[PDB]
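To start, the structure under review is shown below, and the notes come after it.
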Amino acid sequence: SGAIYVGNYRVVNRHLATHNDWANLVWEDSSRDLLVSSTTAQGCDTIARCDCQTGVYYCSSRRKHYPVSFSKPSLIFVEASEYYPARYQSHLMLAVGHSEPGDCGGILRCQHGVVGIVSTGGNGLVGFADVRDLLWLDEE
Ligand SMILES: [Zn+2]
């Protein structure tokens with residue numbers, strides 16, 4: 001589980017979104033496994049605005065923050081998980097690392113802020129849904 005709280009936005013994995021999230025929907029994209037909802041309270045998270053490919057992500061299944069190198073956001077085939085069929089996912093970044101389904105929503109950060117959230121796993125890779133292109137999270 002996990003979310004990004006930037007301004008009056010909450011960013012979650014679309015597959016983990018709640019009824020409240022859907023009742024307060026701003027934007028969602030199945031192909032990216034992202035959903036953004038509106039919040040009453042101001043969040044304090046900063047979204048990274050950069051092309052960094054090194055960062056640190058939180059892995060709940062190991063209670064560990066792992067430094068990782070990660071790929072550029074791309075359209076990648078993802079094998080079946082417990083929450084999606086085998087399919088293409090867009091704006092996805094891969095690293096070598098541990099990811100179980102319960103690790104979805106772990107934050108990946110660099111010196112510039114939040115890069116993305118864990119969205120995929122298996123075959124010894126961890127996949128992160130990028131958020132750095134969503135410049136509208138910074139305003140309004
Ligand atoms: Zn960065």
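In the structure tokens, the first chain shown is A, the next is B, and so on; residue numbers restart at 1 for each chain, and ligands run from 1 in the order shown.
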Show me which residues are within 7 Å of ligand 1 counting only C-alpha atoms and all ligand atoms, and format the list as a PyMOL selection string.
chain A and resi 48-52+110-113
What would the file look like if the residues just selected were written as a PDB file, in the first residue's frame with N, CA and C atoms?
ATOM      1  N   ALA A  48       9.234  14.909  -8.004  1.00  0.00           N
ATOM      2  CA  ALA A  48      10.501  15.136  -8.698  1.00  0.00           C
ATOM      3  C   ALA A  48      10.180  15.712 -10.078  1.00  0.00           C
ATOM      4  N   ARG A  49      11.001  16.675 -10.498  1.00  0.00           N
ATOM      5  CA  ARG A  49      10.942  17.153 -11.889  1.00  0.00           C
ATOM      6  C   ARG A  49      12.359  17.061 -12.429  1.00  0.00           C
ATOM      7  N   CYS A  50      12.638  15.993 -13.157  1.00  0.00           N
ATOM      8  CA  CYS A  50      14.014  15.559 -13.495  1.00  0.00           C
ATOM      9  C   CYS A  50      13.992  14.319 -14.399  1.00  0.00           C
ATOM     10  N   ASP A  51      15.148  13.876 -14.904  1.00  0.00           N
ATOM     11  CA  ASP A  51      15.319  12.574 -15.576  1.00  0.00           C
ATOM     12  C   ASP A  51      16.330  11.699 -14.825  1.00  0.00           C
ATOM     13  N   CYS A  52      16.311  11.784 -13.507  1.00  0.00           N
ATOM     14  CA  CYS A  52      17.152  10.879 -12.678  1.00  0.00           C
ATOM     15  C   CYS A  52      16.792   9.432 -12.957  1.00  0.00           C
ATOM     16  N   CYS A 110      14.166  10.524  -5.458  1.00  0.00           N
ATOM     17  CA  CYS A 110      15.536  11.026  -5.733  1.00  0.00           C
ATOM     18  C   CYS A 110      15.699  12.345  -4.987  1.00  0.00           C
ATOM     19  N   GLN A 111      16.833  13.022  -5.198  1.00  0.00           N
ATOM     20  CA  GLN A 111      17.058  14.313  -4.500  1.00  0.00           C
ATOM     21  C   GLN A 111      15.999  15.370  -4.870  1.00  0.00           C
ATOM     22  N   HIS A 112      15.265  15.206  -5.977  1.00  0.00           N
ATOM     23  CA  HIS A 112      14.305  16.235  -6.491  1.00  0.00           C
ATOM     24  C   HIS A 112      12.892  15.983  -5.954  1.00  0.00           C
ATOM     25  N   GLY A 113      12.653  14.798  -5.351  1.00  0.00           N
ATOM     26  CA  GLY A 113      11.301  14.498  -4.845  1.00  0.00           C
ATOM     27  C   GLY A 113      10.828  13.098  -5.188  1.00  0.00           C
TER      28      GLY A 113
END
Write out as a ChimeraX atom specification the set of residues from chain A that DSSP, computed on the backbone, places in strand (DSSP E).
/A:4-13,25-29,34-44,54-59,64-69,74-78,87-96,107-110,113-122,125-130
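Using only C-alpha atoms, the shortest contact distance between residue 14 in chain A and any of A:83, A:69, A:54, A:139 is found at A:83.
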Who sits within 9 Å of range 87-91 of chain A, only C-alpha atoms, same chain under 3 positions skipped, as JSON, numbers by chain:
{"A": [30, 31, 32, 33, 72, 73, 74, 75, 76, 77, 78, 79, 80, 84, 128, 129, 130, 131]}
Range 94-97 of chain A environment, 6 Å, only C-alpha atoms, sequence neighbours closer than 2 positions dropped, as a list in words
residues 69, 70, 71, 124, 125, 126 and 127 of chain A
Just to be explicit: take each residue in the selection above, keep N, CA and C atoms, and write the result as an mmCIF file, in the first residue's frame.
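Once everything was written out, this is selection_17.cif:
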data_model
loop_
_atom_site.group_PDB
_atom_site.id
_atom_site.type_symbol
_atom_site.label_atom_id
_atom_site.label_comp_id
_atom_site.auth_asym_id
_atom_site.auth_seq_id
_atom_site.Cartn_x
_atom_site.Cartn_y
_atom_site.Cartn_z
ATOM 1 N N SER A 69 19.102 1.726 -9.378
ATOM 2 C CA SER A 69 19.125 2.322 -10.732
ATOM 3 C C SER A 69 17.866 1.855 -11.456
ATOM 4 N N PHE A 70 17.203 2.759 -12.176
ATOM 5 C CA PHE A 70 15.925 2.436 -12.840
ATOM 6 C C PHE A 70 15.904 2.975 -14.241
ATOM 7 N N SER A 71 15.103 2.306 -15.060
ATOM 8 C CA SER A 71 15.035 2.644 -16.509
ATOM 9 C C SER A 71 14.158 3.866 -16.772
ATOM 10 N N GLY A 124 12.466 -10.958 -10.319
ATOM 11 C CA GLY A 124 13.548 -10.180 -9.703
ATOM 12 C C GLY A 124 13.602 -8.728 -10.167
ATOM 13 N N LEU A 125 12.531 -8.185 -10.722
ATOM 14 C CA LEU A 125 12.478 -6.764 -11.064
ATOM 15 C C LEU A 125 11.390 -6.117 -10.224
ATOM 16 N N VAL A 126 11.530 -4.827 -10.059
ATOM 17 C CA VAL A 126 10.490 -3.963 -9.460
ATOM 18 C C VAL A 126 10.204 -2.900 -10.513
ATOM 19 N N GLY A 127 8.906 -2.665 -10.738
ATOM 20 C CA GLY A 127 8.434 -1.648 -11.671
ATOM 21 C C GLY A 127 7.742 -0.512 -10.952
#
Any idea what's packed within 8 Å of residue 44 in chain A, counting only C-alpha atoms, ignoring anything in its chain fewer than 6 positions away? Could you give it as an mmCIF file with C-alpha atoms, in the first residue's frame?
data_model
loop_
_atom_site.group_PDB
_atom_site.id
_atom_site.type_symbol
_atom_site.label_atom_id
_atom_site.label_comp_id
_atom_site.auth_asym_id
_atom_site.auth_seq_id
_atom_site.Cartn_x
_atom_site.Cartn_y
_atom_site.Cartn_z
ATOM 1 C CA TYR A 5 0.088 13.535 -0.956
ATOM 2 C CA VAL A 6 0.997 16.617 -3.096
ATOM 3 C CA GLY A 7 -1.032 19.843 -2.615
#
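Residues of range 2-107 of chain A carrying a DSSP assignment of alpha helix (DSSP H), computed from the backbone, are residues 19, 20, 21, 22 and 23 of chain A.
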Those residues with N, CA, C and O atoms, as a PDB file, in the first residue's frame please?
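Done, and the output landed in selection17.pdb:
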ATOM      1  N   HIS A  19     -13.380   3.625  -2.612  1.00  0.00           N
ATOM      2  CA  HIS A  19     -14.635   4.276  -3.040  1.00  0.00           C
ATOM      3  C   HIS A  19     -14.458   5.775  -2.873  1.00  0.00           C
ATOM      4  O   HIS A  19     -14.853   6.525  -3.786  1.00  0.00           O
ATOM      5  N   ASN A  20     -13.854   6.200  -1.778  1.00  0.00           N
ATOM      6  CA  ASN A  20     -13.650   7.645  -1.540  1.00  0.00           C
ATOM      7  C   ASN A  20     -12.820   8.252  -2.663  1.00  0.00           C
ATOM      8  O   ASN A  20     -13.052   9.382  -3.094  1.00  0.00           O
ATOM      9  N   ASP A  21     -11.805   7.500  -3.119  1.00  0.00           N
ATOM     10  CA  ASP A  21     -10.950   8.033  -4.200  1.00  0.00           C
ATOM     11  C   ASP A  21     -11.797   8.259  -5.448  1.00  0.00           C
ATOM     12  O   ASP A  21     -11.686   9.256  -6.136  1.00  0.00           O
ATOM     13  N   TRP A  22     -12.608   7.257  -5.804  1.00  0.00           N
ATOM     14  CA  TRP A  22     -13.454   7.357  -7.008  1.00  0.00           C
ATOM     15  C   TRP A  22     -14.529   8.472  -6.834  1.00  0.00           C
ATOM     16  O   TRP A  22     -14.860   9.127  -7.804  1.00  0.00           O
ATOM     17  N   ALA A  23     -15.029   8.663  -5.609  1.00  0.00           N
ATOM     18  CA  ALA A  23     -16.035   9.707  -5.310  1.00  0.00           C
ATOM     19  C   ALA A  23     -15.400  11.113  -5.346  1.00  0.00           C
ATOM     20  O   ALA A  23     -16.146  12.100  -5.248  1.00  0.00           O
TER      21      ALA A  23
END
Could you name the residues that touch range 101-106 of chain A at 6 Å or less, counting only C-alpha atoms, but leaving out those on the same chain fewer than 4 positions away, as a VMD selection string?
chain A and resid 1 to 3 58 to 60 117 to 119
Report the distance between CA of residue 39 in chain A and CA of residue 109 in chain A in Å, rounded to one decimal place.
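Between CA of residue 39 in chain A and CA of residue 109 in chain A the gap is 21.9 Å.
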For residue 4 in chain A, work out the shell of residues within 8 Å, counting only C-alpha atoms and skipping chain neighbours fewer than 6 positions away, then give it as a PDB file with C-alpha atoms, in the first residue's frame.
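Output file result_14.pdb follows:
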ATOM      1  CA  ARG A  10      -3.690  11.902  -3.413  1.00  0.00           C
ATOM      2  CA  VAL A  11      -1.866   9.609  -5.952  1.00  0.00           C
ATOM      3  CA  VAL A  12      -2.430   5.834  -5.582  1.00  0.00           C
ATOM      4  CA  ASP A  45       5.175  15.661  -0.777  1.00  0.00           C
ATOM      5  CA  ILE A 107       7.587   5.424  -2.974  1.00  0.00           C
ATOM      6  CA  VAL A 114       8.891  11.632  -5.547  1.00  0.00           C
TER       7      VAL A 114
END
